[PDB]
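Visitor: Just one file: my_file.pdb, with PDB, C-alpha atoms.
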```
MODEL        1
ATOM      1  CA  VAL A   1      10.666 -20.134  30.249
ATOM      2  CA  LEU A   2      13.189 -18.496  32.548
ATOM      3  CA  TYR A   3      15.771 -15.917  31.649
ATOM      4  CA  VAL A   4      19.101 -15.307  33.364
ATOM      5  CA  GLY A   5      20.907 -13.520  30.567
ATOM      6  CA  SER A   6      23.943 -11.272  30.448
ATOM      7  CA  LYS A   7      22.863  -8.307  28.296
ATOM      8  CA  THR A   8      19.997  -8.512  25.794
ATOM      9  CA  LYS A   9      19.105  -5.392  23.799
ATOM     10  CA  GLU A  10      16.637  -7.358  21.720
ATOM     11  CA  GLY A  11      14.004  -5.794  19.492
ATOM     12  CA  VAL A  12      15.462  -2.284  19.234
ATOM     13  CA  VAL A  13      16.975   0.279  16.897
ATOM     14  CA  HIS A  14      19.328   3.056  17.914
ATOM     15  CA  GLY A  15      22.180   5.186  16.750
ATOM     16  CA  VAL A  16      21.320   6.320  13.223
ATOM     17  CA  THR A  17      22.710   9.429  11.530
ATOM     18  CA  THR A  18      22.046  11.064   8.162
ATOM     19  CA  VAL A  19      22.960  14.267   6.336
ATOM     20  CA  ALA A  20      21.228  15.801   3.323
ATOM     21  CA  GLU A  21      22.597  19.082   2.015
ATOM     22  CA  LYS A  22      19.693  19.179  -0.400
ATOM     23  CA  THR A  23      19.081  22.246  -2.600
ATOM     24  CA  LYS A  24      16.069  22.926  -4.849
ATOM     25  CA  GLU A  25      13.969  19.830  -4.163
ATOM     26  CA  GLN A  26      10.500  19.502  -5.612
ATOM     27  CA  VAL A  27       7.987  16.747  -4.933
ATOM     28  CA  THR A  28       4.498  16.050  -6.204
ATOM     29  CA  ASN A  29       1.995  13.292  -5.647
ATOM     30  CA  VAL A  30      -1.633  12.362  -6.187
ATOM     31  CA  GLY A  31      -3.322   9.423  -4.511
ATOM     32  CA  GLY A  32      -0.150   7.496  -3.744
ATOM     33  CA  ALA A  33       2.061   7.916  -0.703
ATOM     34  CA  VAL A  34       5.607   9.262  -0.765
ATOM     35  CA  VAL A  35       8.149   9.550   2.028
ATOM     36  CA  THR A  36      11.331  11.558   1.873
ATOM     37  CA  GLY A  37      13.606  11.970   4.829
ATOM     38  CA  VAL A  38      14.152   9.091   7.214
ATOM     39  CA  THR A  39      12.206   7.029   9.708
ATOM     40  CA  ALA A  40      12.935   4.204  12.107
ATOM     41  CA  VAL A  41      10.656   1.795  13.925
ATOM     42  CA  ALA A  42      11.072  -1.287  16.098
ATOM     43  CA  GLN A  43       8.627  -3.439  17.996
ATOM     44  CA  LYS A  44       9.300  -6.516  20.074
ATOM     45  CA  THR A  45       6.321  -8.803  19.634
ATOM     46  CA  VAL A  46       3.495  -8.518  17.129
ATOM     47  CA  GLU A  47       0.781 -11.068  16.568
ATOM     48  CA  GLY A  48      -2.306 -10.897  14.409
ATOM     49  CA  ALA A  49      -4.027 -12.848  11.661
ATOM     50  CA  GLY A  50      -3.272 -10.990   8.460
ATOM     51  CA  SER A  51      -1.981  -8.071  10.483
ATOM     52  CA  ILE A  52       0.618  -5.567   9.336
ATOM     53  CA  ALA A  53       3.568  -3.878  10.947
ATOM     54  CA  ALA A  54       6.636  -2.149   9.501
ATOM     55  CA  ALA A  55       5.454  -0.629   6.243
ATOM     56  CA  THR A  56       6.957   2.501   4.671
ATOM     57  CA  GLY A  57       5.151   3.585   1.567
ATOM     58  CA  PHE A  58       2.377   1.027   1.621
ATOM     59  CA  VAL A  59      -0.999   1.187  -0.109
ATOM     60  CA  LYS A  60      -3.721  -1.417   0.288
ATOM     61  CA  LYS A  61      -6.807  -1.259  -1.931
ATOM     62  CA  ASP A  62      -7.913  -4.797  -1.133
ATOM     63  CA  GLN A  63     -11.514  -5.902  -1.605
TER      64      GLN A  63
ATOM     65  CA  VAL B   1      13.761 -22.984  27.562
ATOM     66  CA  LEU B   2      16.312 -21.302  29.798
ATOM     67  CA  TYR B   3      18.849 -18.705  28.828
ATOM     68  CA  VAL B   4      22.207 -18.049  30.472
ATOM     69  CA  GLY B   5      23.939 -16.267  27.624
ATOM     70  CA  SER B   6      26.950 -13.990  27.428
ATOM     71  CA  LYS B   7      25.798 -11.053  25.276
ATOM     72  CA  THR B   8      22.884 -11.306  22.834
ATOM     73  CA  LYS B   9      21.923  -8.210  20.834
ATOM     74  CA  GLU B  10      19.433 -10.215  18.819
ATOM     75  CA  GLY B  11      16.740  -8.695  16.633
ATOM     76  CA  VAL B  12      18.157  -5.174  16.319
ATOM     77  CA  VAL B  13      19.598  -2.613  13.932
ATOM     78  CA  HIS B  14      21.944   0.194  14.882
ATOM     79  CA  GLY B  15      24.751   2.343  13.644
ATOM     80  CA  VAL B  16      23.808   3.441  10.126
ATOM     81  CA  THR B  17      25.134   6.549   8.381
ATOM     82  CA  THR B  18      24.386   8.152   5.016
ATOM     83  CA  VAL B  19      25.233  11.349   3.147
ATOM     84  CA  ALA B  20      23.425  12.843   0.158
ATOM     85  CA  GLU B  21      24.735  16.127  -1.202
ATOM     86  CA  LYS B  22      21.782  16.176  -3.559
ATOM     87  CA  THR B  23      21.096  19.221  -5.770
ATOM     88  CA  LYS B  24      18.034  19.854  -7.964
ATOM     89  CA  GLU B  25      15.978  16.742  -7.211
ATOM     90  CA  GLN B  26      12.485  16.370  -8.588
ATOM     91  CA  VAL B  27      10.013  13.594  -7.838
ATOM     92  CA  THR B  28       6.507  12.853  -9.033
ATOM     93  CA  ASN B  29       4.043  10.075  -8.405
ATOM     94  CA  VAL B  30       0.414   9.107  -8.866
ATOM     95  CA  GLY B  31      -1.213   6.164  -7.133
ATOM     96  CA  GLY B  32       1.993   4.275  -6.416
ATOM     97  CA  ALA B  33       4.260   4.740  -3.423
ATOM     98  CA  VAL B  34       7.790   6.119  -3.566
ATOM     99  CA  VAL B  35      10.385   6.455  -0.826
ATOM    100  CA  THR B  36      13.544   8.493  -1.061
ATOM    101  CA  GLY B  37      15.873   8.950   1.845
ATOM    102  CA  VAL B  38      16.495   6.094   4.241
ATOM    103  CA  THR B  39      14.620   4.033   6.789
ATOM    104  CA  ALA B  40      15.424   1.234   9.195
ATOM    105  CA  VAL B  41      13.206  -1.184  11.076
ATOM    106  CA  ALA B  42      13.697  -4.244  13.263
ATOM    107  CA  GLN B  43      11.312  -6.405  15.227
ATOM    108  CA  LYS B  44      12.055  -9.459  17.314
ATOM    109  CA  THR B  45       9.092 -11.778  16.951
ATOM    110  CA  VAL B  46       6.213 -11.540  14.501
ATOM    111  CA  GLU B  47       3.515 -14.121  14.014
ATOM    112  CA  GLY B  48       0.383 -13.996  11.915
ATOM    113  CA  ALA B  49      -1.372 -15.985   9.217
ATOM    114  CA  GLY B  50      -0.700 -14.146   5.988
ATOM    115  CA  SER B  51       0.603 -11.199   7.964
ATOM    116  CA  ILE B  52       3.153  -8.677   6.745
ATOM    117  CA  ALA B  53       6.117  -6.947   8.284
ATOM    118  CA  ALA B  54       9.139  -5.200   6.763
ATOM    119  CA  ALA B  55       7.876  -3.717   3.518
ATOM    120  CA  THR B  56       9.318  -0.585   1.893
ATOM    121  CA  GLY B  57       7.437   0.458  -1.183
ATOM    122  CA  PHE B  58       4.690  -2.128  -1.054
ATOM    123  CA  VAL B  59       1.280  -2.014  -2.717
ATOM    124  CA  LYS B  60      -1.407  -4.641  -2.245
ATOM    125  CA  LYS B  61      -4.539  -4.532  -4.403
ATOM    126  CA  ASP B  62      -5.593  -8.074  -3.555
ATOM    127  CA  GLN B  63      -9.192  -9.218  -3.947
TER     128      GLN B  63
ATOM    129  CA  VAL C   1       8.249 -17.155  33.218
ATOM    130  CA  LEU C   2      10.784 -15.546  35.523
ATOM    131  CA  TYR C   3      13.392 -12.990  34.633
ATOM    132  CA  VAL C   4      16.725 -12.416  36.354
ATOM    133  CA  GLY C   5      18.553 -10.641  33.563
ATOM    134  CA  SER C   6      21.612  -8.423  33.454
ATOM    135  CA  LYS C   7      20.564  -5.443  31.306
ATOM    136  CA  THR C   8      17.698  -5.614  28.800
ATOM    137  CA  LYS C   9      16.840  -2.481  26.811
ATOM    138  CA  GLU C  10      14.356  -4.417  24.724
ATOM    139  CA  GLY C  11      11.741  -2.823  22.497
ATOM    140  CA  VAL C  12      13.233   0.672  22.248
ATOM    141  CA  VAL C  13      14.773   3.226  19.918
ATOM    142  CA  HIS C  14      17.153   5.977  20.945
ATOM    143  CA  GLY C  15      20.028   8.082  19.789
ATOM    144  CA  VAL C  16      19.183   9.232  16.264
ATOM    145  CA  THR C  17      20.607  12.331  14.578
ATOM    146  CA  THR C  18      19.963  13.979  11.214
ATOM    147  CA  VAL C  19      20.911  17.177   9.396
ATOM    148  CA  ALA C  20      19.197  18.735   6.383
ATOM    149  CA  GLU C  21      20.600  22.005   5.084
ATOM    150  CA  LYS C  22      17.700  22.135   2.666
ATOM    151  CA  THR C  23      17.121  25.214   0.472
ATOM    152  CA  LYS C  24      14.119  25.929  -1.780
ATOM    153  CA  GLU C  25      11.987  22.852  -1.102
ATOM    154  CA  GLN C  26       8.518  22.561  -2.557
ATOM    155  CA  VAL C  27       5.978  19.828  -1.888
ATOM    156  CA  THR C  28       2.482  19.168  -3.164
ATOM    157  CA  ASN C  29      -0.047  16.434  -2.616
ATOM    158  CA  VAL C  30      -3.684  15.540  -3.163
ATOM    159  CA  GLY C  31      -5.404  12.615  -1.496
ATOM    160  CA  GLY C  32      -2.253  10.655  -0.729
ATOM    161  CA  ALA C  33      -0.041  11.047   2.316
ATOM    162  CA  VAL C  34       3.518  12.358   2.262
ATOM    163  CA  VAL C  35       6.059  12.615   5.058
ATOM    164  CA  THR C  36       9.262  14.592   4.912
ATOM    165  CA  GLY C  37      11.536  14.976   7.871
ATOM    166  CA  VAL C  38      12.051  12.086  10.251
ATOM    167  CA  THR C  39      10.081  10.038  12.737
ATOM    168  CA  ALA C  40      10.780   7.200  15.132
ATOM    169  CA  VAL C  41       8.475   4.810  16.941
ATOM    170  CA  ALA C  42       8.859   1.720  19.109
ATOM    171  CA  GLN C  43       6.389  -0.413  20.999
ATOM    172  CA  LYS C  44       7.028  -3.501  23.070
ATOM    173  CA  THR C  45       4.029  -5.757  22.621
ATOM    174  CA  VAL C  46       1.208  -5.439  20.113
ATOM    175  CA  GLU C  47      -1.529  -7.961  19.544
ATOM    176  CA  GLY C  48      -4.612  -7.754  17.380
ATOM    177  CA  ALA C  49      -6.348  -9.683  14.626
ATOM    178  CA  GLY C  50      -5.570  -7.826  11.430
ATOM    179  CA  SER C  51      -4.254  -4.924  13.462
ATOM    180  CA  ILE C  52      -1.628  -2.442  12.323
ATOM    181  CA  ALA C  53       1.336  -0.787  13.942
ATOM    182  CA  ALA C  54       4.422   0.916  12.503
ATOM    183  CA  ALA C  55       3.259   2.454   9.247
ATOM    184  CA  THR C  56       4.796   5.573   7.685
ATOM    185  CA  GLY C  57       3.004   6.681   4.580
ATOM    186  CA  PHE C  58       0.204   4.150   4.624
ATOM    187  CA  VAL C  59      -3.167   4.347   2.891
ATOM    188  CA  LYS C  60      -5.915   1.769   3.278
ATOM    189  CA  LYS C  61      -8.997   1.961   1.056
ATOM    190  CA  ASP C  62     -10.138  -1.567   1.845
ATOM    191  CA  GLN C  63     -13.749  -2.636   1.366
TER     192      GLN C  63
ENDMDL
END
```
I'd like the structure from this file rewritten - as structure tokens, please.
Guide:
Amino acid sequence: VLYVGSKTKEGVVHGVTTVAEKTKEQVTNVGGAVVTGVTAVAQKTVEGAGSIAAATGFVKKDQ
Amino acid sequence: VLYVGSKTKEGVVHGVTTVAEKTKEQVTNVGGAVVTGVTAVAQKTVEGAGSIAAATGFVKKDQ
Amino acid sequence: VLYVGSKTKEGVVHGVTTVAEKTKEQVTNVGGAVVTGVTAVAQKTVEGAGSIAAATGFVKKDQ
């Protein structure tokens, strides 16, 4: 597999903006997982039997 | 497999904007997972038997 | 596999902006994991049987 290409920005994330003029915010949690705000992730190649990537708010109590 | 191409931005995410003039926000959770706000993820190639990618608010209690 | 290319910014993340004029924010948590604010991660190549990458707010009580 060869690769001449012109311009390949593959497997990325960029240029994200947010604004939150929040006022009087209250959160509470027990045991579970909670994510406010923002987050951003990118990864080119991932391989794995029963593997995990790209989870936000993810709980696994498997047996 | 060769690749000459002109312009390939494959497997990406970019340019996302949000605004939330929230006021008096209250959250609560036990055990489960809860995500406010935003998030953005991209990944080119993923391979795996029974593997997971791209989950927001995902719980797995498998046995 | 050879690689001539023109411009490949693959497996990255850049250029992210946020604003949060928060006022009177209260958080509380026991046991679980909670993430306010922002975060950003990128990784080119990841390989592993049942391995994990790119988790925000992730709990694993597997047996």
Visitor: Just the number, please: distance in Å from CA of residue 30 (chain C) to CA of residue 38 (chain A), one decimal.
Guide: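 For CA of residue 30 (chain C) relative to CA of residue 38 (chain A), the distance reads 21.6 Å.
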Visitor: Could you superpose chain B on chain C by least squares over every Cα, matched in sequence order, and send it back as a PDB file with C-alpha atoms, in the frame of the given file?
Guide:
```pdb
ATOM      1  CA  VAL B   1       8.249 -17.155  33.217  1.00  0.00           C
ATOM      2  CA  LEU B   2      10.784 -15.545  35.523  1.00  0.00           C
ATOM      3  CA  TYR B   3      13.392 -12.989  34.633  1.00  0.00           C
ATOM      4  CA  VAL B   4      16.726 -12.416  36.355  1.00  0.00           C
ATOM      5  CA  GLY B   5      18.553 -10.641  33.562  1.00  0.00           C
ATOM      6  CA  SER B   6      21.611  -8.422  33.453  1.00  0.00           C
ATOM      7  CA  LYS B   7      20.563  -5.443  31.306  1.00  0.00           C
ATOM      8  CA  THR B   8      17.698  -5.615  28.801  1.00  0.00           C
ATOM      9  CA  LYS B   9      16.841  -2.481  26.812  1.00  0.00           C
ATOM     10  CA  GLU B  10      14.356  -4.417  24.724  1.00  0.00           C
ATOM     11  CA  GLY B  11      11.741  -2.823  22.497  1.00  0.00           C
ATOM     12  CA  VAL B  12      13.233   0.672  22.248  1.00  0.00           C
ATOM     13  CA  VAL B  13      14.774   3.227  19.918  1.00  0.00           C
ATOM     14  CA  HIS B  14      17.154   5.977  20.946  1.00  0.00           C
ATOM     15  CA  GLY B  15      20.028   8.082  19.789  1.00  0.00           C
ATOM     16  CA  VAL B  16      19.183   9.232  16.263  1.00  0.00           C
ATOM     17  CA  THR B  17      20.606  12.330  14.578  1.00  0.00           C
ATOM     18  CA  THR B  18      19.962  13.980  11.214  1.00  0.00           C
ATOM     19  CA  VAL B  19      20.911  17.177   9.395  1.00  0.00           C
ATOM     20  CA  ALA B  20      19.197  18.735   6.384  1.00  0.00           C
ATOM     21  CA  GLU B  21      20.600  22.005   5.085  1.00  0.00           C
ATOM     22  CA  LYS B  22      17.700  22.135   2.666  1.00  0.00           C
ATOM     23  CA  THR B  23      17.121  25.214   0.472  1.00  0.00           C
ATOM     24  CA  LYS B  24      14.120  25.929  -1.780  1.00  0.00           C
ATOM     25  CA  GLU B  25      11.988  22.851  -1.102  1.00  0.00           C
ATOM     26  CA  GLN B  26       8.518  22.561  -2.557  1.00  0.00           C
ATOM     27  CA  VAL B  27       5.977  19.828  -1.887  1.00  0.00           C
ATOM     28  CA  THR B  28       2.484  19.168  -3.164  1.00  0.00           C
ATOM     29  CA  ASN B  29      -0.047  16.433  -2.616  1.00  0.00           C
ATOM     30  CA  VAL B  30      -3.684  15.541  -3.164  1.00  0.00           C
ATOM     31  CA  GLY B  31      -5.405  12.615  -1.495  1.00  0.00           C
ATOM     32  CA  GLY B  32      -2.252  10.656  -0.729  1.00  0.00           C
ATOM     33  CA  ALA B  33      -0.041  11.047   2.316  1.00  0.00           C
ATOM     34  CA  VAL B  34       3.517  12.357   2.261  1.00  0.00           C
ATOM     35  CA  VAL B  35       6.059  12.616   5.059  1.00  0.00           C
ATOM     36  CA  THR B  36       9.262  14.593   4.912  1.00  0.00           C
ATOM     37  CA  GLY B  37      11.536  14.976   7.871  1.00  0.00           C
ATOM     38  CA  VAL B  38      12.051  12.086  10.251  1.00  0.00           C
ATOM     39  CA  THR B  39      10.082  10.038  12.738  1.00  0.00           C
ATOM     40  CA  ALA B  40      10.779   7.200  15.132  1.00  0.00           C
ATOM     41  CA  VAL B  41       8.474   4.809  16.941  1.00  0.00           C
ATOM     42  CA  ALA B  42       8.858   1.719  19.108  1.00  0.00           C
ATOM     43  CA  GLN B  43       6.390  -0.413  20.999  1.00  0.00           C
ATOM     44  CA  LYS B  44       7.028  -3.501  23.070  1.00  0.00           C
ATOM     45  CA  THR B  45       4.029  -5.757  22.621  1.00  0.00           C
ATOM     46  CA  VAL B  46       1.208  -5.439  20.113  1.00  0.00           C
ATOM     47  CA  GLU B  47      -1.529  -7.961  19.543  1.00  0.00           C
ATOM     48  CA  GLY B  48      -4.612  -7.754  17.380  1.00  0.00           C
ATOM     49  CA  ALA B  49      -6.347  -9.682  14.625  1.00  0.00           C
ATOM     50  CA  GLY B  50      -5.570  -7.826  11.430  1.00  0.00           C
ATOM     51  CA  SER B  51      -4.253  -4.925  13.462  1.00  0.00           C
ATOM     52  CA  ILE B  52      -1.628  -2.442  12.323  1.00  0.00           C
ATOM     53  CA  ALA B  53       1.335  -0.786  13.942  1.00  0.00           C
ATOM     54  CA  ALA B  54       4.423   0.916  12.503  1.00  0.00           C
ATOM     55  CA  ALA B  55       3.259   2.454   9.247  1.00  0.00           C
ATOM     56  CA  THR B  56       4.796   5.573   7.684  1.00  0.00           C
ATOM     57  CA  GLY B  57       3.003   6.682   4.580  1.00  0.00           C
ATOM     58  CA  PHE B  58       0.203   4.150   4.624  1.00  0.00           C
ATOM     59  CA  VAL B  59      -3.167   4.347   2.891  1.00  0.00           C
ATOM     60  CA  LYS B  60      -5.915   1.769   3.279  1.00  0.00           C
ATOM     61  CA  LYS B  61      -8.997   1.961   1.056  1.00  0.00           C
ATOM     62  CA  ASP B  62     -10.138  -1.568   1.846  1.00  0.00           C
ATOM     63  CA  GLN B  63     -13.750  -2.636   1.366  1.00  0.00           C
TER      64      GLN B  63
END
```
Visitor: Report as a PDB file with C-alpha atoms, in the coordinates of the input the residues that result from applying the PyMOL selection byres ((chain C and resi 28) around 10) to the structure here.
Guide:
```pdb
ATOM      1  CA  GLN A  26      10.500  19.502  -5.612  1.00  0.00           C
ATOM      2  CA  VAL A  27       7.987  16.747  -4.933  1.00  0.00           C
ATOM      3  CA  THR A  28       4.498  16.050  -6.204  1.00  0.00           C
ATOM      4  CA  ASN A  29       1.995  13.292  -5.647  1.00  0.00           C
ATOM      5  CA  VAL A  30      -1.633  12.362  -6.187  1.00  0.00           C
TER       6      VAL A  30
ATOM      7  CA  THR B  28       6.507  12.853  -9.033  1.00  0.00           C
TER       8      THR B  28
ATOM      9  CA  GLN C  26       8.518  22.561  -2.557  1.00  0.00           C
ATOM     10  CA  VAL C  27       5.978  19.828  -1.888  1.00  0.00           C
ATOM     11  CA  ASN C  29      -0.047  16.434  -2.616  1.00  0.00           C
ATOM     12  CA  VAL C  30      -3.684  15.540  -3.163  1.00  0.00           C
ATOM     13  CA  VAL C  34       3.518  12.358   2.262  1.00  0.00           C
TER      14      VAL C  34
END
```
Visitor: Could you write out as a ChimeraX atom specification the residues of chain C within 9 Å of chain B, counting all atoms listed in the file?
Guide: /C:5,11,32,49-50,57,62
